[PDB]
Amino acid sequence: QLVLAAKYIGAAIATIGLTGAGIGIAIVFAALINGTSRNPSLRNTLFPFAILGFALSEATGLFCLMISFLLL
Amino acid sequence: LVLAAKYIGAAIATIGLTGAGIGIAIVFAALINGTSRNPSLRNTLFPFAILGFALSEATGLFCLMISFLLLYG
Amino acid sequence: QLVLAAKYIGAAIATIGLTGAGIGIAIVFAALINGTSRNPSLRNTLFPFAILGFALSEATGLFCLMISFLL
Amino acid sequence: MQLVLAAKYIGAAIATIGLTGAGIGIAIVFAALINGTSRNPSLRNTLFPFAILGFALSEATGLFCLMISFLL
Amino acid sequence: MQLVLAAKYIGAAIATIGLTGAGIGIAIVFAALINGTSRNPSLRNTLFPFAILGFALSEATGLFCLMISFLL
Amino acid sequence: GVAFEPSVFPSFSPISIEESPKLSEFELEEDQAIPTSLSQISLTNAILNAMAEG
Amino acid sequence: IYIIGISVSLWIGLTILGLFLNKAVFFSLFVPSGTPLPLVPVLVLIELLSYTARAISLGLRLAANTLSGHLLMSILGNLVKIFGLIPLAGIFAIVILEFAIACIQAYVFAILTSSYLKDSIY
Amino acid sequence: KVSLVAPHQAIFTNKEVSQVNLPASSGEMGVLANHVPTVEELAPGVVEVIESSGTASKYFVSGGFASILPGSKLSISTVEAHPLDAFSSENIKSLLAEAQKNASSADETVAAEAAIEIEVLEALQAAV
Amino acid sequence: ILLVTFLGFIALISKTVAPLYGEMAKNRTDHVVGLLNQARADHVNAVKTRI
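This entry, as listed in the PDB, derives from cryo-EM and reports a resolution of 7.8 Å.

Following this line, the structure appears as structure tokens:
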């Protein structure tokens, strides 16, 4: 009754954190695409910071999704 | 009423993930654009990115502890 | 059971203020990292304003977290 | 009074959502002052009076929202 | 009354969400005045008169929204 | 105003004007030609000064 | 430590408001700046009102720092029940940030009192 | 303190100025006292340097580079610097009509040079 | 956390001991170099005045 109905709401409001993880991959890609045309950060250099920075920003979406799947 | 409120405590508290997710991309955008201006590569800008990311990620770790404590304790 | 149910939700809705404190710590560090490469704000100078400016933005998240953990 | 006690705990949670404007307001004035002090000119005057007075005005919204939350 | 007392606490908490616009408004005018004064030479005049008059207009939204919260 | 001496003046190219130490201290637009335009303008300015002094 | 921090911070906030009122008895000259309208009297959220908000930052920082350090009891039961070496690195970073926060909080309190002393003599 | 020196004569030379509303590459900017170091290029506009009071000289500059040093020194280095009274209104209309007819009528650099000359002649005629 | 705090503070105290001794060369040890330079300049001025 009360415990069964609260399980569906535990995964709905917890999915609101996808706006930060979704826009984080685009903010790091916008600075890397505009900065690569300034010559000549291509191989490594700027590619290492963009690959490592995208994994740290994507950790918020994976951690928030674990609490939604555990209650649904 | 006590068991139904515990499940909603771990969902509404996850709204703070937008600040922690966008904070890691805001610090990485300024470091990637500043490194291409010659020549903040070794240390300098690279060392401040590791220490600067810990301050922005502290809000996400502290907010996640209050949501996980309501479902286990 | 009405008083115990409102105590669990008091610490969840109050955690929405972490978006301003989380993005505020990165906004002050983004301007200091881009300005240090213009020569030559390194030792002190810009280091004192970044350390003191980060404490003012972190005061909003520290005061809001005390009211949620007091339930 | 079960209805009066339930509304007291909810009053301190929804009122704490205003910390996003006060937290980001102190960082917006510090970001523009740090990027302007590196060139023309110093940082002990001129912009020093505006940063101290500007931070106190933006922090007034956080004190008013926290007073109504602790009194309910 | 139980229903009248429960709506009074929720009205003061929902009205406090408007502090994000008033808090960020005082910082937006202070960020442009700190960076604009470094380009010479509007410091004690010109830009000083618009910063005092502009901050009073943005602060009117916070005072009007806080009056309905304390009266409910 | 009686004697002279043979001097020399160097001219930087487009690849050496943008690779300076404090070249990013001024507000230069990265979209338009700023490195190639300032390098080619120094050759015509130095040629006029050398021809007038010569 | 929590009750002693709020009581000691309240005495320091009242001394800042009393010192500014005593020095204004021989100079006064208001405290705000002139403009083209007359709505500076309603915005009295500073000076006297700013002392209560500045003194509350010391008590709020002590409650948030104590709540982070007291959270090790809930994490110790899960690590003694992935590898448990992740809790040692996170506790060391939180202890270093809590100890360094005392120097930033003390410098912010001294910077707020310096603006009140310079404005009272001008 | 201005150093508006051209490639034939010196206008400001010594530091004895205050304001300088010279047209740069972006917009109609104006140097005040100790401005920031902005070494941007100059376009063909009106370089009116306000000397203390209202003693501004409308110098019709044809473009150059307005270099701003860090020690409150504005070196507006342009190619030409003529006053507003040194341009007759009768001869100014003949140059704008010939540049408009020659534009978009040939090839090579004939159409490119005529398009840039029509924009500089229209801005100088409206500021007379 | 008590054993991890003692091990971390021991490494930070070792690096701070070399930093405190190095920073004192521009204040504590610099006073001996400044007094020796002032005494050498005063001895040359006293020998020139006596000559």
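Chemist: Please give an account of the overall build of chain H that cites residues and values.
Modeler: If you tally the helices and strands in chain H, you get two helices and six strands. Counting from the amino terminus, chain H carries its helices and strands in the arrangement β-β-β-β-β-β-α-α. Expressed along its principal axes, the backbone C-alpha trace of chain H runs to roughly 50 × 30 × 25 Å. Sequence-distant contacts, at least 24 apart, represent 37% of the contacts inside chain H between residues at least 6 apart.

Chemist: Can you break down the overall build of chain F residue by residue, with the values?
Modeler: A count of helices and strands for chain F gives two helices and zero strands. The C-alpha radius of gyration computed for chain F amounts to 15 Å, which surpasses the reference 10 Å derived for 54 residues by more than 25%, pointing to a less compact arrangement than a globule. Its C-alpha atoms put chain F at 50 × 20 × 20 Å along the principal axes.

Chemist: Would you mind going over the interface of chain C and chain G in detail, with residue names and values included?
Modeler: Listed per partner, the contact involves five residues of chain C and four residues of chain G. Of the residues assigned to the side of chain C that touches chain G, the class counts are five nonpolar, no polar and no charged.

Chemist: An account of the sheet that holds strand β5 (residues 73–78) of chain H is needed here, citing residue identities and associated values.
Modeler: By definition, the strands of a sheet pair up through backbone hydrogen bonds, in either a parallel or an antiparallel sense. All names here are of chain H. Here three strands make up an open sheet; going across it, the order is β1-β4-β5 and the pairing antiparallel. Each of the sheet's edge strands pairs with one partner strand only, and the pair in question is β1 (40–42) and β5. The average undirected angle you get between the axes of adjacent strands in this sheet is 25°. Examined bridge by bridge, β1 and strand β4 (residues 64–69) share three bridges and lie antiparallel to one another. Paired with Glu41 across the two strands is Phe65, which belongs to β4.

Chemist: Would you mind going over the arrangement of the chains in detail, with residue names and values included?
Modeler: No other pair of the nine pairs of chains in contact has as many contacts as chains C and D. The smallest C-alpha distance separating chain B from chain G is 8 Å, and no contact links them. Across all C-alpha pairs, the smallest distance from chain G to chain H is 24 Å, and the two are not in contact.

Chemist: Give me the lowdown on the sheet that holds strand β3 (residues 57–61) of chain H, citing residues and values where you can.
Modeler: All names here are of chain H. As summarised here, the arrangement of the three strands in space is β2-β3-β6, forming an open sheet in which the pairing is antiparallel. Edge strands, defined here as strands with exactly one partner in the open sheet, are β2 (46–49) and β6 (81–83). The mean inter-strand angle of the sheet, taken between neighbouring strand axes irrespective of direction, is 40°. Two elements, β3 and β6, share three bridges in a ladder whose sense is antiparallel.

Chemist: I'd like a description of the pairing of β5(H), backed by residues and values.
Modeler: Residue and element names in this part refer to chain H. In terms of strand pairing, β4 meets β5 through six bridges, oriented antiparallel. If you follow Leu69 over to β5, its bridge partner there is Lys73. Linking β4 back to β5 in an antiparallel pair, the connection comprises three residues, with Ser72 at a positive phi of about 55°.

Chemist: Residue-level account of the interface of chain D and chain C, with values.
Modeler: Interface size, as often reported, equals the accessible area lost upon joining of the parts. On the chain C side, the residues contacting the 15 residues of chain D number 17 residues. Taken together, the elements giving at least two residues each to the side of chain D that touches chain C come down to α1 (2–14) and α2 (19–34) of chain D. When residues in the side of chain D that touches chain C are grouped by element, the largest group, seven residues, is from α2(D). Among the residues making up the side of chain D that touches chain C, the classes are represented as 10 nonpolar, five polar and no charged.

Chemist: Can you tell me about the packing of α2(D) against helix α2 (residues 19–36) of chain E, naming the residues and giving the values?
Modeler: Across the interface, α2(D) lies against α2(E) with an axial gap of 8 Å and an inter-helix angle of 5°. As summarised for this structure, α2(D) and α2(E) are arranged roughly parallel, according to the angle between their axes. Residue-level inspection shows D:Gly21, D:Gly25, D:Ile28 and D:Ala32 of α2(D) in contact with α2(E), the latter providing E:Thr20, E:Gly23, E:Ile24, E:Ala27 and E:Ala31. Partitioning the contact of α2(D) with α2(E) into residue classes produces five nonpolar, four polar and no charged.

Chemist: For unusual backbone geometry, give the residues involved together with the corresponding values.
Modeler: The omega torsion of the bond from B:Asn38 to B:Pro39 falls at 0°, within 30 degrees of zero and hence cis. Along the chain, the position of B:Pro39 falls in the loop between α2 (17–35) and α3 (45–56). That bond from D:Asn40 to D:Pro41 is cis: its omega, 0°, falls within 30 degrees of zero. If you trace the backbone, D:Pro41 turns up in the loop between α2 and α3 (47–58). Non-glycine residue G:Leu29 carries a positive phi angle of around 55°. A positive phi angle, close to 60°, is found at G:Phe30, a residue other than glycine. Mapping G:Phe30 onto the fold places it in the loop between α1 (2–23) and α2 (48–69).

Chemist: Outline the packing of helix α2 (residues 18–36) of chain C against α2(D), supporting the account with residue identities and numerical values.
Modeler: Each pair of packed helices can be summarised by the angle the axes make with each other and by the distance between the axes. Packing of α2(C) against α2(D) leaves a shortest axis separation of 8 Å and a crossing angle of 5°. In this view, α2(C) runs roughly parallel relative to α2(D), as classed from their interaxial angle. Every residue of α2(D) that contacts α2(C) at C:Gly20, C:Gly24, C:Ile27 and C:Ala31 is listed here: D:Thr20, D:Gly23, D:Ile24, D:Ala27 and D:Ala31. Looking at side-chain class alone, the contact of α2(C) with α2(D) contains five nonpolar, four polar and no charged residues.

Cut-offs used in this document
Residues numbered from 1 in each chain as written, not as in the entry; some residues may be left out. Chains lettered and ligands numbered in written order. Part of a larger assembly, values for the part shown. Heavy atoms only, no water. Residues with missing side-chain atoms left out of burial classes, pairs and counts. Helix = DSSP H or I, 4+ residues; strand = E, 2+ residues; numbered from the N terminus. Contact = heavy atoms within 4.5 Å. Rg over C-alpha atoms; globule rule 2.2 N^0.38 Å. Nonpolar A, V, L, I, M, F, W, Y, C, P; charged D, E, K, R; others polar. Pairing = 2+ DSSP bridges. Axes fitted to C-alpha atoms, helices over the stretch in contact; angles between N-to-C directions. Parallel < 35°, antiparallel > 145°, perpendicular 65-115°, else oblique.

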